[PDB]
Amino acid sequence: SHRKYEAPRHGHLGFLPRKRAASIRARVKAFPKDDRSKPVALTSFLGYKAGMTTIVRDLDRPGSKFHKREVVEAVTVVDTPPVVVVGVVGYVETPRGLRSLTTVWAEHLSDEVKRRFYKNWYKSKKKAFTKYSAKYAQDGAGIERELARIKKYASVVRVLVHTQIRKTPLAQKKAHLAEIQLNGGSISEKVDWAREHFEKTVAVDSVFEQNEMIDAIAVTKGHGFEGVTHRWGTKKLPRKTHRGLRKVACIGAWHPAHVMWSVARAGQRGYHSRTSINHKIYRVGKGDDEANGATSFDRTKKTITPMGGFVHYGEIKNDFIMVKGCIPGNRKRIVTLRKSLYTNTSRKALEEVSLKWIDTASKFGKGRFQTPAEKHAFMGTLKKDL
Amino acid sequence: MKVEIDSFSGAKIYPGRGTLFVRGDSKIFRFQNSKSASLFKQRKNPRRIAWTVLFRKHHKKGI
Amino acid sequence: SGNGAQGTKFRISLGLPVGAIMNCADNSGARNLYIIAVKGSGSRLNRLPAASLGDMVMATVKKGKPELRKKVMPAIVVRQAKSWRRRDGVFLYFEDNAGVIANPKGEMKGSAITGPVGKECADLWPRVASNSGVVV
RNA sequence: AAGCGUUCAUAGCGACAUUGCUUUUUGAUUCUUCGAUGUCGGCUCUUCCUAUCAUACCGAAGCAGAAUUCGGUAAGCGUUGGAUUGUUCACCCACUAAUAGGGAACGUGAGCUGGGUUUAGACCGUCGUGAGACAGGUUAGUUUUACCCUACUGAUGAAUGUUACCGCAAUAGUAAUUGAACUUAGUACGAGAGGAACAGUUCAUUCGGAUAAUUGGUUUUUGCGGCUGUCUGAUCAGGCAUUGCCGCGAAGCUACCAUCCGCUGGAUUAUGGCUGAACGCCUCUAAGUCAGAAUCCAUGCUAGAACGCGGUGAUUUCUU
RNA sequence: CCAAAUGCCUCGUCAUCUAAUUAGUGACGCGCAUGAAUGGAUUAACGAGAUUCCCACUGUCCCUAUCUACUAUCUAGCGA
RNA sequence: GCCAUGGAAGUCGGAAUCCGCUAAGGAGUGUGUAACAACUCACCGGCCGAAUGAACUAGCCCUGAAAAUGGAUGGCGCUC
RNA sequence: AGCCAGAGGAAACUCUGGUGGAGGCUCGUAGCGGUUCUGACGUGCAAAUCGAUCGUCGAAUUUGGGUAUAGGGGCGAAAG
Ligand SMILES: [Mg+2]
Ligand SMILES: [Mg+2]
Ligand SMILES: [Mg+2]
Ligand SMILES: [Mg+2]
Ligand SMILES: [Mg+2]
Ligand SMILES: [Mg+2]
Ligand SMILES: [Mg+2]
Ligand SMILES: [Mg+2]
Ligand SMILES: [Mg+2]
Ligand SMILES: [Mg+2]
Ligand SMILES: [Mg+2]
Ligand SMILES: [Mg+2]
Ligand SMILES: [Mg+2]
Ligand SMILES: [Mg+2]
Ligand SMILES: [Mg+2]
Ligand SMILES: [Mg+2]
Ligand SMILES: [Mg+2]
Ligand SMILES: [Mg+2]
Ligand SMILES: [Mg+2]
Ligand SMILES: [Mg+2]
Ligand SMILES: [Mg+2]
Ligand SMILES: [Mg+2]
Ligand SMILES: [Mg+2]
Ligand SMILES: [Mg+2]
Ligand SMILES: [Mg+2]
Ligand SMILES: [Mg+2]
Ligand SMILES: [Mg+2]
Ligand SMILES: [Mg+2]
Ligand SMILES: [Mg+2]
C-alpha cells in the first residue's frame, strides 16, 4: 500500500556514487564556449584555498530593503601565485570524442613540477625530461615539427600549467600540474600563445577580474565512513528502537527482492568532486602589495592575512582571489577556479562590489583586534619586554 | 563602519561579532563575545571582573 | 506573513513552533497567546510550523479576559528571544516571546504595545509600527 | 437521449434501458502453504500506476472582470501540522498551491513498536444446574538469531612490458520546486459592486550540494579559574571521588539554530496556425510546414568500462 | 445506582474541558442485559493498580549535533 | 400578410403560407438590424463542362482502450 | 495513652505548655522482594542473569537446622 504520507526524497540522486574522488585535484569537466575573436586567455586558474574572513560593503541593488546600506558577508580567500606554463596539448576531433594528438613541453622544467612525475623523488637520479630537453639542443627543429602538427590539426588547444607551490606555506614541495583550455584566437594564435609563454608565469589578474562570477572545482572535505542519518539526512528512529536508531527502518519492499540503488545506505561522506557556480570575485589582490586588506574606507596599511595568520594555512605572501561565500574543499586544498560557462545577467551579477572593510582579527579564537598596532593602542604597554 | 562597545567589558565590537541583547526595559546591550554575554547573564558586576575596561579605570591601571 | 503584509520580510530564524505560548504585548485583555499555526508556512512531514519575528500567526488565548478566550484569532509576533541575524551582520534577540492580537487584514485589536518591538515587525506591519513605542 | 437547464437533448446534467473496465471493497472458490511464509495498525524508507488535488501549457462554458465548472497533453514536481480513537476507516481544528486516489506478499516485525486481536491471572453483564460460553465490555501479560550467499552501500585489487603524469568519454545516474509582496494598477473588464494578467523587481516555501568568516551548540584542550569531601604534617604543589562539580573555554565537528551556491540550448505533447488537395468550394493534414508544456534529449553536474581508448616522461651492466 | 471495569444500538443526548476530544468529568435513563452479604450506595486514609486534566520540567518531538568509555576495526595467541 | 412586440414588417412567440408576373423569386434558409432594410440561401439564366447526391452493408485501420519492478507476436526486427 | 505544671470560668467544665514514647504508622540502609525501562543479554556471566528504577523494611517479618505431611496423594492468604 501507499506511503500514507507523502514526503520528498532524502539526498540527491544525481550526485552518485557517494564515493571517494579519483584525484585530490578535481578535474575540469567543461570549459566555456570559445569565441575566437577575443585574445588568447586562460579559461581557468589553479589555487590553494587559504581560508575565510568577513567583509562589509554597501549593497547596491534598488528594491531591496538593505539598499545603500552596509551588509556583512562571508568571503573565502584563495592563494593564487602565478602558474608557470610548461606545455601545450593539441586535441583533434573524432567520431568518438576529443583526442590528444601530441604534446610539446618547455625545454626547462623546474624541480617543483619534476617532482610531480616522481613517487620517490629523493632516491631517483632525476632523469625526467632529460632526453626530451635535447630536442631543443641543435636548433629545435623537432619541437617545431610537433607545434606545426598542433597548428594543422587539433581543433581544441589546451595549455599545461603548474603551480609555484614554493611561494606557498604548504609542506607539499610538489606542484600541481593541470590542463587549462585556451580560448580566444584561432588554432594558430593559441599555439603561438602557448609557445611564447613557455617557462613564463601567468598572473591571476590577466585571467580574472573583480565583480565577475567564477566557479570553484575542488574535492570536498573527507569525513570517512558515515551512517545514513548524516550522509542522507534521514529521520532518526524513535528512542524506543531496539537494535539501532541511526538507520533506515525499511530498506525496501518485498518485491523487487533486492535492495534498490536509491535507498539511503551507510558509506563514504565527503572527498567528492564538486563544481559550484556563480561565485562573484570581490577582490583580485596582489602579492607585492602591502595594504591588501585595506580598502578605500579603511586606509589601514594591512594585508589580507588575519592577525596571527590563517589558521592551518599560514600567511598569504602571493596574489589572491577573494570570492563571495563558500567554495567546496577545506584549507590547504588545491582548487580550480573556472570562468562562467554562460553569461549571467541576474542583477546579482553585473553589480560592482566595493569593499568597505576586511576582517583581519584572529581566527584562532575571538580575535578582538585587527592589527598589532590597534592591540597595542587599546591595551597599552605590557610586562613583556620590548 | 560603526565599531560598537561591549556593554560589559568595554571591548571593540567589529561588524559581525558577538550578540546584541534587548532587555525587557528595552535597553540595548552589546557583547563582543559569549564570555562577556554569559557573565552578564549571570549578573556579574563588570567593575569586579579584573579584565573589563570598567574595572581598569576603577582601579586606575595604566594611567 | 500571509495577507495584509506591507511588503516582504527577509528570513528570520524560526523560534516559535506551534504549541508555543508567547506573551501578549497589547492592552486588548489577553495575557498570553498560544500559537496554533503560522501563516504562509510550508508543508513538511513531521515538521512543526514555526513562527518568527513579524509573522502573522493564528493563536488562542489561554490566560486573559474570558471574552477573548476559547477562540482563534490572528496575531503578530513582535518579540522573539531566539537569536537571529540581520543582513548587517548583527545577531540579536529579546528576553521573551511577545505578540499582539490582530485581525486578518493586519490592523491591531489593541491600541498600545508594552515593550520593545522588532524592526522587522514594525516595517512589515504599519499598524504595529503606529502603536509601537520604542523599536529595538 | 425522454427530460432538466428562462427558450435550448447533449455549456453542465440526464430518466427508462444497454456496453464495458478495474482488482485498492465484500462475496464466491479451496489450487499452494498446517515436519509454521510471523497476524492488525502506526512509525521509517524507496519506487511504481494514473482513474490529476496542486503546479506548466492549452481547449470549452449558461467564460464581461473576478471566482468557478467541464475537458486535453502531462505522474516532471509536491500533496502538511494537530484534538479524539489501537484503529484501518471516521470526524473536526488549522495552515497551504494542494492537503488526489492507489500499488509494491492488504510493501516493509532477524527494521522498530506492541495500543488491538489471539494463550495462561482477574472483574462485570447476559446465558448455562454445573464445568463453562460470549466475532460483549475491562485490566495485566518474555517480540529470539545474520558472522553465510545474493542484493545494495562504500573500499582494495592480479593480469595490460614496467613505471609515472596528463587526458578523452561509452555507459549509468541527474534536480530543483512553489508562493507572496511591490509595480503593472484600482488599470483593462464592468452600470456598479468588484477586480485581472504579461514584462520588471524584491523576497519567501520545499528540496539539494557544499562550507565554517560570524552566531549558537558540543568540551578529555581535563586549557584556565573556582568549590566540596578526604589524603599527602602545614605551605607550595598535588592524588582520589569510575570525566567529582561549577563558570569560561580555543581547535575540531556541526545547525534552515549559521552562511553561500543551485545553468541554458535543441527536439516535442495537447493546442492554435500556414500553404494545400482529397471533394472545381472549404479544410492545421493527406504530401509539406510554423509556433508551442513543469515533457524528452542535450549543455551542465557525478562516476568512469577495475576485459573502452589517447598523448607524454623515464625506462636498470661495472648488477650470475 | 448507571452508556459505570456492567448499554447492543453507540462515537447515545446535553453540559463542561480543547482551536479541534470515539478520551475525561458532570447530568439524563423502559437499564440488549444495573440493583441489594450471587451484597447496594457511599466513604477519610492507603495503592510499583486503571484513567483524565493542570503547573513545573525537560532532546518525547520540531531537528538533530557533539563528547567520553567499552565494542565493532586491524594485529599476536586462542578459537566455537 | 395578421396578431404581438417602444420594435419585429420571412428569421421573441403564436400563426398562416392565396396567385399576378414569370427563364427565377419562398410573405422564407440563415447572417442579421432597436426594427425593417441590406446581404445570403431555395430557386432561375447571357459563364464553365465530367459525372454527382442520399441512404445503408462489411473488409482492414483508427477512436472507444486506465495499474501499479523493466519486458516481451518467444527474441531481433519486419511496412508492394 | 499515662503523668507534671499552669491558665480561664459563678457552676458545669474548657484550654495551654511540658513529659512520655504508642502504632500489623511513616522516610530510608542491611535484609526480603521483583514494578518499569516491555533497558542489557538473548548460540548469555546465567536453562531466568545484569544495570538503573522500584515495593517493603520491627512484623500476617526474614532465615538456618531439626521434624511432619507422598502421587488421585500431599500442600495451597487459591495461581491449577
Ligand atoms: Mg500517495
Ligand atoms: Mg569555503
Ligand atoms: Mg576559528
Ligand atoms: Mg491521463
Ligand atoms: Mg502486509
Ligand atoms: Mg522482513
Ligand atoms: Mg520481530
Ligand atoms: Mg497488548
Ligand atoms: Mg548520459
Ligand atoms: Mg588548571
Ligand atoms: Mg581537593
Ligand atoms: Mg588512593
Ligand atoms: Mg569506589
Ligand atoms: Mg487558409
Ligand atoms: Mg563525469
Ligand atoms: Mg579506467
Ligand atoms: Mg445504564
Ligand atoms: Mg465523549
Ligand atoms: Mg488529551
Ligand atoms: Mg457519565
Ligand atoms: Mg515483438
Ligand atoms: Mg510499616
Ligand atoms: Mg513504612
Ligand atoms: Mg514504607
Ligand atoms: Mg533495601
Ligand atoms: Mg521493546
Ligand atoms: Mg526486555
Ligand atoms: Mg499420580
Ligand atoms: Mg481424589
Side-chain angles (χ1 to χ4, degrees), chain A residues 1-2 6 8-9 12-19 22 29-30 52-54 62-65 72 74-75 96-103 105 116-119 127-129 132 160 177 179 220 225 234-243 247-256 258-268 272-279 324-328 341-342 359 363-365, chain B residues 16-17 19 35 38 42, chain C residues 5 7-11 13-14 17-18 36-50 58 60 70-72 82-83 85 89 91:
Chain A
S1 57
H2 56 275
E6 304 292 333
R9 177 178 172 83
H12 191 276
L13 279 186
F15 279 103
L16 287 174
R18 303 274 165 100
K19 79 178 275 166
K29 307 213 185 59
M52 287 182 82
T53 178
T54 306
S64 160
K65 60 94 175 180
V72 169
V75 289
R96 294 182 283 178
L98 271 192
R99 190 175 76 82
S100 62
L101 183 63
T102 182
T103 308
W105 297 85
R116 159 67 47 220
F117 309 120
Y118 285 96
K119 295 301 202 198
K127 291 300 279 285
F129 288 88
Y132 182 96
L160 281 153
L177 186 87
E179 278 178 27
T220 52
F225 210 96
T234 45
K235 181 66 65 186
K236 280 180 54 180
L237 299 177
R239 195 274 304 163
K240 284 183 77 169
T241 310
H242 185 51
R243 52 169 58 96
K247 289 152 129 191
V248 164
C250 168
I251 67 154
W254 195 320
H255 281 99
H258 301 83
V259 183
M260 302 276 306
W261 69 285
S262 56
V263 184
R265 292 185 72 75
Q268 165 86 23
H272 314 312
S273 311
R274 290 288 177 276
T275 305
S276 50
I277 63 164
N278 295 333
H279 302 324
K324 174 212 195 180
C326 63
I327 72 168
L341 301 190
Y342 73 116
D359 192 57
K363 275 81 204 167
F364 202 47
Chain B
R17 310 302 295 282
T19 45
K35 175 203 209 183
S38 165
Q42 301 177 46
Chain C
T8 60
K9 183 172 72 69
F10 186 81
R11 190 181 194 271
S13 305
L14 306 171
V18 301
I36 78 173
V38 192
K39 299 298 276 192
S41 50
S43 283
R44 185 43 173 116
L45 193 66
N46 305 113
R47 172 174 308 174
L48 297 194
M58 290 300 258
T60 68
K70 297 164 170 71
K71 272 154 289 287
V72 188
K82 168 66 183 72
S83 179
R85 186 196 144 103
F91 277 86

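Per chain, numbering begins at 1; letters A, B, ... match sequence-line order.
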Undergrad: Pairing check on G:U69: which nucleotide meets the Watson-Crick or G-U wobble criteria with it, both distances under 3.5 Å?
TA: none
Undergrad: Given atom CZ of A:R274 and atom P of D:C263, what is their separation to the nearest angstrom?
TA: 17 Å
Undergrad: Between D:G311, D:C257, D:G102, spot the one nearest the side chain of A:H2, thanks.
TA: D:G102
Undergrad: Would G:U49 and G:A40 count as a Watson-Crick or G-U wobble pair, both distances under 3.5 angstrom?
TA: yes
Undergrad: Expressed in whole Å, how much space separates the P atoms belonging to D:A75 and D:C91?
TA: 32 Å
Undergrad: Could you tell me which nucleotide pairs with E:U42 by Watson-Crick or G-U wobble geometry, both distances under 3.5 Å, or answer none if nothing does?
TA: none
Undergrad: Expressed as a whole number of angstroms, how long is the span from A:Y118:OH to D:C165:P?
TA: 13 Å
Undergrad: Does E:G29 count as syn, meaning its glycosidic angle lies within 90° of 0, or as anti?
TA: syn
Undergrad: With respect to the side chain of C:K82, which nucleotide from D:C257, D:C301, D:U80 is positioned closest?
TA: D:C257
Undergrad: Starting the side chain at C-beta, find the nucleotide from D:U46, D:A210, D:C165 nearest to A:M260.
TA: D:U46
Undergrad: Please confirm if G:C32 pairs with G:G55, counting Watson-Crick and G-U wobble geometry and requiring both distances below 3.5 Å.
TA: yes
Undergrad: Please tell me which of the listed nucleotides, D:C248, D:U302, D:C152, lies nearest to the side chain of B:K35?
TA: D:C248
Undergrad: Assign A:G14 to base, sugar-phosphate, or nothing according to its heavy-atom contacts below 4.0 angstrom with the strands shown.
TA: base
Undergrad: The side chain of A:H12 is closest to which nucleotide in this list: D:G208, D:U79, D:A303?
TA: D:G208
Undergrad: Quick one: which of D:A213, D:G154, D:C301 gets closest to the side chain of A:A30?
TA: D:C301
Undergrad: May I ask which nucleotide in the shown strands pairs with F:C56, Watson-Crick or G-U wobble, both distances under 3.5 Å?
TA: none
Undergrad: Any Watson-Crick or G-U wobble pairing between D:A185 and D:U108, both distances under 3.5 Å?
TA: no
Undergrad: What class does the angle between the rings of A:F117 and A:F129 fall in, given that below 30° is parallel, 30 to 60° is tilted and above 60° is perpendicular?
TA: tilted
Undergrad: Starting at CZ of A:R243 and ending at P of D:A110, how long is that distance when rounded to a whole Å?
TA: 8 Å
Undergrad: Does D:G247 have a Watson-Crick or wobble partner in any strand here, with both distances under 3.5 angstrom, and which is it?
TA: D:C224
Undergrad: Given Watson-Crick or G-U wobble geometry and both distances below 3.5 Å as the test, should E:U13 and E:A27 count as paired?
TA: yes
Undergrad: Measure from NZ on A:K19 to P on D:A303 and round the result to the nearest Å.
TA: 8 Å
Undergrad: Work out how far the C1' atom of E:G59 is from that of E:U66, and round it to whole angstrom.
TA: 13 Å
Undergrad: So for C:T8, when I measure from side-chain heavy atoms to the major- and minor-groove base atoms with a cutoff under 5.0 Å, which groove comes out?
TA: minor
Undergrad: Is G:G31 the Watson-Crick or G-U wobble partner of G:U56, both distances being under 3.5 Å?
TA: yes
Undergrad: Kindly indicate whether the side chain of C:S43 and the base of D:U99 share any N or O donor-acceptor pair separated by less than 3.5 Å?
TA: yes
Undergrad: From D:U214, D:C261, D:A151, pick the nucleotide closest to the side chain of C:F91?
TA: D:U214
Undergrad: Using a heavy-atom cut-off of under 4.0 Å over every strand shown, decide if C:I36 touches base, sugar-phosphate, or nothing.
TA: base
Undergrad: Under 3.5 Å for both donor-acceptor distances, Watson-Crick or wobble: does D:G179 have a partner, and if so which one?
TA: D:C203
Undergrad: Is A:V72 touching bases, backbone alone, or none of the nucleic acid, heavy atoms closer than 4.0 Å?
TA: nothing
Undergrad: Counting only Watson-Crick pairs (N1-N3 plus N6-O4 or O6-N4) and G-U wobbles (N1-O2, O6-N3), all under 3.5 Å, who is the partner of D:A169?
TA: none
Undergrad: Can you tell which of D:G81, D:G154, F:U69 lies closest to the side chain of A:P256?
TA: F:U69
Undergrad: Taking only the P atom of each, what is the distance from D:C77 to D:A94 in whole angstrom?
TA: 34 Å
Undergrad: Across all strands shown, which nucleotide pairs with E:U6 by Watson-Crick or G-U wobble geometry, both distances under 3.5 Å?
TA: none
Undergrad: When you get a sec, tell me which of D:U259, E:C17, D:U46 is the closest nucleotide to the side chain of A:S262?
TA: D:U46
Undergrad: Could you identify the nucleotide paired to D:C260, looking across every strand shown and requiring Watson-Crick or G-U wobble geometry with both distances under 3.5 Å?
TA: D:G209
Undergrad: C:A37 near the nucleic acid: base, sugar-phosphate alone, or nothing, with a heavy-atom cut-off under 4.0 Å?
TA: sugar-phosphate
Undergrad: Could you tell me whether D:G288 and D:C274 make a Watson-Crick or G-U wobble pair, using a cut-off of under 3.5 Å for both distances?
TA: yes
Undergrad: Within the structure shown, what part of the strands sits under 4.0 Å from A:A22 by heavy-atom distance: base, sugar-phosphate, or nothing?
TA: sugar-phosphate
Undergrad: Is A:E6 touching bases, backbone alone, or none of the nucleic acid, heavy atoms closer than 4.0 Å?
TA: base
Undergrad: When the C1' atoms of D:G107 and D:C43 are compared, how many Å lie between them, rounded to an integer?
TA: 14 Å
Undergrad: Could one point to a donor on the side chain of A:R265 or the base of D:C152 with an acceptor on the other under 3.5 Å away?
TA: yes
Undergrad: Walk along RNA chain G from 5' to 3' and tell me the first and last nucleotide with an atom closer than 4.0 Å to a non-hydrogen atom of chain A.
TA: G:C37 to G:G42
Undergrad: Just call it for C:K9: base, sugar-phosphate, or nothing, with non-hydrogen atoms closer than 4.0 Å on any strand.
TA: sugar-phosphate
Undergrad: As a test of the definition: with a 90° window around 0 for syn, would you call D:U214 syn or anti?
TA: anti
Undergrad: When you measure from the side-chain N and O atoms of A:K235 to the phosphate of D:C43, is any distance below 4.0 Å, counting only OP1 and OP2?
TA: no
Undergrad: Return the nearest nucleotide to the side chain of A:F15; candidates are D:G310, D:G208, D:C261.
TA: D:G208
Undergrad: Syn if the chi torsion is within 90° of 0, anti otherwise; quick check, which is D:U156?
TA: anti
Undergrad: Which part of the nucleic acid, if any, lies within contact of A:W261, taking any heavy atom under 4.0 Å across all strands shown: a base, the sugar-phosphate backbone alone, or nothing?
TA: sugar-phosphate
Undergrad: A:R9 side chain to A:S262 main-chain N or O, any donor-acceptor pair under 3.5 Å?
TA: yes
Undergrad: Looking across every strand, which nucleic acid part, if any, lies under 4.0 Å from A:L16 by heavy atom: base, sugar-phosphate, or nothing?
TA: base
Undergrad: Answer with base, sugar-phosphate or nothing: what part of the nucleic acid does C:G40 contact at a heavy-atom distance below 4.0 Å?
TA: sugar-phosphate
Undergrad: With a 3.5 Å cut-off on both distances, are D:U230 and D:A120 a Watson-Crick or G-U wobble pair?
TA: no
Undergrad: Say you pick atom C1' in D:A83 and the same atom in D:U302; how far apart are they, in whole Å?
TA: 47 Å
Undergrad: Determine the Euclidean distance between corresponding P atoms of F:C60 and F:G32; express it in Å to zero decimal places.
TA: 47 Å
Undergrad: Indicate, with a heavy-atom threshold strictly under 4.0 Å, whether C:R11 touches base, sugar-phosphate, or nothing.
TA: base
Undergrad: Do F:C47 and F:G10 make a Watson-Crick or G-U wobble pair, both distances under 3.5 Å?
TA: no
Undergrad: Quickly work out the A:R99 CZ to D:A170 P distance and round it to whole Å.
TA: 16 Å
Undergrad: Should D:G109 and D:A110 be reported as a stacked step, that is, with six-membered ring centres less than 5.5 angstrom apart and planes less than 30° apart?
TA: no
Undergrad: Flag the pair A:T241 / A:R243 as yes when at least one side-chain heavy-atom distance between them is below 4.5 Å, and no otherwise.
TA: no
Undergrad: On a whole-Å scale, what distance lies between the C1' atoms belonging to D:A293 and D:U269?
TA: 7 Å
Undergrad: Pick one for D:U37: is it syn, with its angle within 90° of 0, or anti?
TA: syn
Undergrad: How would you label the contact of B:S38 with the nucleic acid (heavy atoms, under 4.0 Å): base, sugar-phosphate, or nothing?
TA: sugar-phosphate
Undergrad: With syn defined as a glycosidic angle within 90° of 0 and anti as everything else, classify D:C147.
TA: syn
Undergrad: On RNA chain D, compare the nucleotides closest to C:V18 and A:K65; which residue's is nearer the 5' end?
TA: C:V18
Undergrad: Rounding to the closest angstrom, what is the interatomic distance between D:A212 and E:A65 at atom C1'?
TA: 15 Å
